[PDB]
Amino acid sequence: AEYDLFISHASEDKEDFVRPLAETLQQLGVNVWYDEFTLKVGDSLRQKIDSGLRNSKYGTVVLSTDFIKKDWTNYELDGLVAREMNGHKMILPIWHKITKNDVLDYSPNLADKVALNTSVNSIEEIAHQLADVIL
């Protein structure tokens, strides 16, 4: 794998969250990329995930209201946020700009699968969780 980590995300969260998080991860020594894994409306998410896991040791998902309403199989995120392929692992999903009603409406089984939350956890705390596993 050429990369340590890829970050699946919606376009609404790319510049104001994924980019600072990626830069923080790079400062900690993690080789991370994300530009090719932006989810737009009508995209196949699993297509992006298969590409990410093919060339990255790990992946994570930025679970926003925008992301979960764009995900055609949002109700199956509870399986996807822990998906593995070729020994590469989706890990540490991140709650980010999402409401509990959004989880109840579009992916109820996801609720106890996620712990990180950018409304309670800082970007630096989240980056350290990823960095400690990767390095």
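Residue numbers count from 1 along this sequence.
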Q. Should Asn121 and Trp95 count as side-chain neighbours, where that means a heavy-atom distance under 4.5 Å?
A. no
Q: Quick one: closest heavy-atom pair of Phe67 and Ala10, and the distance?
A: CD1-N, 3.6 Å
Q) Would you say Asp105 and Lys69 make side-chain contact, with heavy atoms under 4.5 Å? A) no
Q. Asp71 versus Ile68: any side-chain heavy-atom pair under 4.5 Å?
A. no
Q) So among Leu104, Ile98, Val81, which one has a side-chain contact (heavy atoms from CB on, under 4.5 Å) with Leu110? A) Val81
Q. OG1/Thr65 to NE2/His96 distance, rounded to the nearest 0.5 angstrom?
A. 9.5 Å
Q | Point-to-point distance, once rounded to the nearest 0.5 Å, from CZ of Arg83 to CD of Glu76 | A | 11.0 Å
Q: Consider only side-chain heavy atoms of I, L, V, M, F, W and Y, link residues closer than 4.5 Å, and tell whether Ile49 and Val114 are in one cluster.
A: yes
(Q) Evaluate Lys14 against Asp35 for side chain to side chain contact (heavy atoms under 4.5 Å, CB included), listing each step before the verdict. (A) CA-CA 8 Å; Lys14 192 177 189 166; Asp35 194 25; 2.4 Å; yes
Q. Hey, are the side chains of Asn74 and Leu45 touching, using non-hydrogen atoms and a 4.5 Å cut-off?
A. no
Q) About how many Å separate OG of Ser8 and CZ of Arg46, when rounded to the nearest 0.5 Å? A) 12.5 Å
Q | Non-hydrogen atoms of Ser64 and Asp13 that approach each other most closely | A | OG-OD2, 2.6 Å
Q. How about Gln26 and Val32: do any of their side-chain heavy atoms sit closer than 4.5 Å?
A. yes
Q. What distance separates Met90 CE from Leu5 CG, expressed to the nearest 0.5 Å?
A. 8.5 Å
Q) If you group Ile, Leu, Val, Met, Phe, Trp and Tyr by side-chain heavy-atom gaps below 4.5 Å, do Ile91 and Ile123 land in one group? A) yes
Q | Backbone N/O of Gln47 and side chain of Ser44: donor-acceptor pair under 3.5 Å | A | yes
Q. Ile7 and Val62: side chain to side chain contact (heavy atoms under 4.5 Å, CB included), yes or no, with the steps?
A. CA-CA 7 Å; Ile7 302 176; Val62 177; 3.8 Å; yes
Q | side-chain hydrogen bond (donor to acceptor under 3.5 Å, both in side chains) assessment of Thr99 paired with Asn101 | A | CA-CA 5 Å; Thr99 72; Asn101 285 88; 5.1 Å; no
Q) Can you find a heavy atom in the side chain of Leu116 that is under 4.5 Å from one in the side chain of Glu125? A) no
Q | Heavy-atom closest pair, residues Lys113 and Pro93 | A | O-CG, 3.9 Å
(Q) Using every non-hydrogen atom in the two residues, find where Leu92 and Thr60 come nearest and quote the distance to one decimal. (A) O-OG1, 2.6 Å
Q) So if you build clusters from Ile, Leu, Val, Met, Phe, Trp, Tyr with side-chain heavy-atom gaps below 4.5 Å, do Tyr75 and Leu63 land together? A) no
Q: Check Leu77 against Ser107 and note the closest heavy-atom contact, atom names and distance.
A: CB-OG, 3.9 Å
Q. Which residues satisfy the ring pair (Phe, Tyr, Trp, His ring centres under 6.0 Å) test with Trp33, sequence neighbours excluded?
A. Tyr3, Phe37
Q | Beyond-backbone contact of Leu53 with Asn86, side-chain heavy atoms, under 4.5 angstrom | A | no
Q.
A side-chain contact here means heavy atoms from C-beta on lying under 4.5 Å apart; do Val61 and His9 qualify?
A. no
**Q.** Taking every non-hydrogen atom, the tightest pair across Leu25 and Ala131
**A.** CD2-N, 4.3 Å
Q) Does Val103 share a hydrophobic cluster with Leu80, counting links as ILVMFWY side-chain heavy atoms below 4.5 Å and allowing steps through other members? A) yes
(Q) To the closest 0.5 Å, what do you measure between NZ (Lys97) and CG (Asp66)? (A) 8.5 Å
Q | Distance in Å, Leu135 CG paired with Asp4 CG, rounded so as to fall on 0.5 Å steps | A | 6.5 Å
Q. Yes or no on side chain to side chain contact (heavy atoms under 4.5 Å, CB included) for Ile94 and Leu21, after CA distance, side-chain angles and deciding distance?
A. CA-CA 11 Å; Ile94 305 169; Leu21 173 62; 4.1 Å; yes
Q: Could you tell me which residues satisfy ring pair (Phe, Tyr, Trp, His ring centres under 6.0 Å) with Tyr106, sequence neighbours excluded, listed by chain and number?
A: none
Q: Look at atom NZ of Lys70 and say whether more than 12 heavy atoms of other residues, nucleotides or ligands are closer to it than 6.0 Å.
A: yes
Q. Checking side chain to side chain contact (heavy atoms under 4.5 Å, CB included) for the pair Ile134/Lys57: CA distance, chi angles, key distance, verdict?
A. CA-CA 8 Å; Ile134 293 163; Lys57 300 178 178 194; 5.7 Å; no
